[PDB]
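The chain below stands alone and is given as structure tokens, in the form deposited in one PDB entry.
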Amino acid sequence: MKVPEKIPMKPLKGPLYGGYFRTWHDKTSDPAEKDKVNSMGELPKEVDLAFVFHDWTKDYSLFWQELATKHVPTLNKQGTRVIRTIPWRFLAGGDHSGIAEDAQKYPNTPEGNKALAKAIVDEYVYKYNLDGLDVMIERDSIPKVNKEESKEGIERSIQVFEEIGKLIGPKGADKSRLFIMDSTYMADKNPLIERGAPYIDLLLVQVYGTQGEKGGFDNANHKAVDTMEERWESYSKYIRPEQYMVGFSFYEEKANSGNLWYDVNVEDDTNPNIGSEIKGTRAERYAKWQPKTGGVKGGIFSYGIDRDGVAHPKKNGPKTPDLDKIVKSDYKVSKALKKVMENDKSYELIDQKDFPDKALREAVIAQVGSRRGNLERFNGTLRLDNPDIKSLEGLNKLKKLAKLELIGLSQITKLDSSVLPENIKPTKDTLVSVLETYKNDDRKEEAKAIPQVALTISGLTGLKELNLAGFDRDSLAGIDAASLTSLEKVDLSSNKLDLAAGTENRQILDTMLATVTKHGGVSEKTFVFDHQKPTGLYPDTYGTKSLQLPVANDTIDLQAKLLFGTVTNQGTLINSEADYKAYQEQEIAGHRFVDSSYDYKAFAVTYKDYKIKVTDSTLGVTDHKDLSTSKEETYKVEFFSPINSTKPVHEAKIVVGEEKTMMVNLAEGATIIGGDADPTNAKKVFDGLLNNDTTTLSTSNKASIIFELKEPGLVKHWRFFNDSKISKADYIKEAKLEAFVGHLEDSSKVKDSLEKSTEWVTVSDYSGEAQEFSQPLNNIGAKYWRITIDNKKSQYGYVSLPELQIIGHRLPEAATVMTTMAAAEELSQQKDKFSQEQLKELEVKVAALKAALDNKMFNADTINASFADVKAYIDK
């Protein structure tokens, strides 16, 4: 088989029309199968990319000889690339992977992956001298081993995908061949987009049907999911807009439910040619569709292009079998969609009518895109550093630009709304979608607000006028006023500028009064900056971090004294209605700038929906704003925003009376050793989420739990809760907390079975009806604890325990400290050992240890060091 060499072709220029041709519908596929009458080589020149879609076709067939020798030269002459399409499995190996089936020749090694990639290109691209590769990434081609999805093969396809990219495509050694990824996944559900995007020329999305157009429907929230724009926004992170092509599908003969797409016209007996019309169909909609942000798309593609013109059977109507008959295609729908995209105004080339300055036009074209549709949609940064630009005429055609940088434009002498992007001011989206939406939602969407373009002026020596009034510019940043030397008249009114103190804007403002004082022309007409409405923001940090208060029977407002204030984007802090009144009547060059109408109510932020959490040294949590100083206590105050109920915005320390050390929850994360309760829900007692995110209970009448502390230490307090007033009269009414001191009946191997029997000590015996119970404990150093609860109900009583806290100070090896102090206090008890006086050296050193253990300011060093003191004398 003599494969002719590639003929010259023109470069690809958008918009592009692609089409998958099914090999088993070529005449040369199966000579016996005489009902197939179409040919791949008869695709019109409107087809830019012709995808070869091989399955159900013989390997020894004459179609391959026909394609390499006739179809490829024929389509290349009219400018049509012929692309070979392979499934995702071919890049991984395993079930039905083509070349990769020979694992011995191409193993899963770094050298094997490199060699497999070359074999893939040699076999699927270079063998018949095709124009590119197209890897197909969907569930229908996911790598599998023994019919189950292979997470190991998926990883290999990523490595092979890059290795293919180093051979063909935009970053490959051979850039004459395309490398394309068609897919059904959203970019986050696509394992290969993240590393494959730099290596691919184009990217196709298989958005077929009304779900492909309108997206899926979230029946819970009555909202659309995975919409067209959402799908594009996911892939817009990895590829450019001019690489994104959407796709519809024609009617496949004898297609079953789940493969009906209705992307073309539905059949009509009164028009035997309605299928070849394209008006109002999902195919034309996709042709006319453009993303709202970033730039025009690459084009559209069609699957089953051999069935062009065939009308789609009715959804629930009587069956029509003449549509399943195979006829020769004239590809009228394919040509019509090509013309619809070419004649679309969004692809009109940018010419001198838009930007008369040729130095300006070239910069825009080389940065925004050659088409007028990119002006409405470009979403990035435009940098104009070519000094030859004489006229900025036409920058108001830029609608969604994100950053504008004017660098060293000496010949520009005026800047107003007519020579700036229209989103210099707050604007809304004016583009209308052509796709259908969900009739099962409410009325159609409202205009989305377009973010304002960032303006950077620097080096504009010749600039004489700078008019920016009424634009709601948030600050004056990016303006290098020191280089704007020829300015004469400037307007900055009706903005949001905090022109005060030594603010950035106020320093630009004042550097700019200079260049129109050196320039003696200054009137009340030439420099206007009044009617300023700076937006008020929540302060990033708050001032008061600590408060030492005396003990006295008086409540204080915690939020009032700790969390207040409004901060501008330049640094000014306003706390009261008076601070804003002193800020409001602040003059610059004998003239106020803040608007009169803009009052304190409209500027300062509000703390109506803010929440407070006050935790004391015993981990007792309260949510009330007021705080009674009637008890000596050290607290911990946190404030939370409505937008975030987990991360505090300001944290503080309140010390009433003398400062007590804050105790921690020693049982948080406890390991369940044994007991009667369901182990799944026993862990929820010690997990930490304050009384249980709607989880469940322990046993059916009366539960016991035996647990081990993560890090043992000094235990001073304990606390347990009932359910969140979710229940009433079902509360735990009898509780028994126990500590373990029976050393250990050995069996370190089997803790639990002897934990279940040995000698424990009752430390608390609760009996009540409260929702929360807390009680001090007398310095226990145990590491194994037992809790027993009972709600005084039927044998099917279903007792619950959402959370239980063992509260104290983290003291490593506190068990040995308590046992030694017990061994010393009970040994100086017996004054008959020796003289009472010589062992007073131990009697005074034992109350130093005890006072250190009971001090409000728990000092770990003072206890560990003083522990060794009594340890020496018991050693004697």
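What we label the rigid core is the largest C-alpha set whose atoms superpose within 1.5 Å from one form to the other. Residues carry their position along the shown sequence, with the first being 1.
As for the form deposited in another entry, it is not shown, yet the points below apply to it.
Put simply, after the core is superposed between the shown form and the other one, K751 is the one residue in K144, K533, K114, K751 with a Cα shift of at least 2 angstroms. Core-superposed comparison between the shown form and the other one: CA of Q836 displaced by 2 Å or more. Relative to the superposed rigid core, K608 undergoes a CA displacement smaller than 2 Å between the shown form and the other one.
Relative to the superposed rigid core, the position of the CA of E42 differs between the shown form and the other one by less than 2 Å.
The pair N722 and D752 separates in the other entry: their C-alpha atoms are at least 3 Å more distant from each other than in the form depicted. CA of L754 to CA of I673: closer by 3 Å or more in the other entry than in the shown form.
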